[PDB]
């Protein structure tokens, strides 16, 4: 009947909803449109930091990156205030996750290198994690603005959840790099009204949000129960029928998360 409740949320919010919660040692998977494609939007910035971590020693986090005001092409709460001084890779990782900083993400893509400003390299990192479906094609902000029919810049709830599972809970990263990613997600500033809002206060929530055109609103999270049992929760939504300027609905994500919390508690 949980599928019926998700379908009701879709009707109430005039939206398309995708959910994946991987199975665990003691719980079944939750899946709703889990193999349909949704735009990443800024959700890709969490695996992007993982990519950078993966291919460099941690001393690289101290590498100073310089850039100009002309590089501020997307919403960049941190980067736009440090044009004169530049930012370290570590600082860029922090900003990309906790403030969804677009310039920071673009500079991290460039740090991977190669064609498409690092977008091919990012896609390659997902392939290395066994993700045969996801792809990044554009930089910020263009990656948020593809038409609904376009497969560019898309993932699926199933794909991104299994990536995050490996990153935070698995051994895709060594413990030191894993702890950095986890902490940045744990101190995210953008996600209070999404998955966090759907779980009780005694659950811990770490997350990365995404928002875009056609009413896109996403959140990917790892949650810990009050006794410290972890789960991955991916929730994705759009309103392709509501125009490119359809309002994204944080409340839809919060309610979907409430329904998930009910299953997992």
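Numbering follows the first chain given and starts at 1.
**Q** Got a sec? Mean C-alpha B-factor, which is higher, 102 to 110 or 168 to 176?
**A** Per the PDB entry, the higher value belongs to 168 to 176.
**Q** Tell me which of 23 to 31 and 48 to 56 has the higher mean C-alpha B-factor in the deposited entry.
**A** Higher mean C-alpha B-factor: 23 to 31.
**Q** What's the residue among 157, 124, 77, 115 with the greatest CA temperature factor in the PDB record?
**A** That would be 115, according to the entry.
**Q** Out of 189, 182, 84, 88, which shows the largest CA B-factor listed in the entry?
**A** The listed residue with the largest C-alpha B-factor is 84.
**Q** Per the entry's values, where does residue 248 land by CA temperature factor relative to the rest of its chain, in the lowest, middle or highest third?
**A** Middle third - that is where residue 248 ends up once the chain's C-alpha B-factors are sorted.
**Q** Lowest, middle or highest third: where is residue 209 by C-alpha B factor in its chain?
**A** Within its chain, residue 209 is a lowest-third residue by C-alpha B-factor, going by the deposited values.
**Q** Using only modelled residues of the chain, where does the Cα B factor of residue 62 rank: lowest third, middle third or highest third?
**A** Highest third.
**Q** Mind checking which third residue 94 falls in for C-alpha B-factor across the chain?
**A** Ranked within chain, residue 94 CA B lands in the lowest tercile.
**Q** Considering every modelled residue of the chain and its Cα B-factor in the PDB entry, is residue 129 in the lowest, middle or highest third?
**A** CA B-factor rank for residue 129: middle third.
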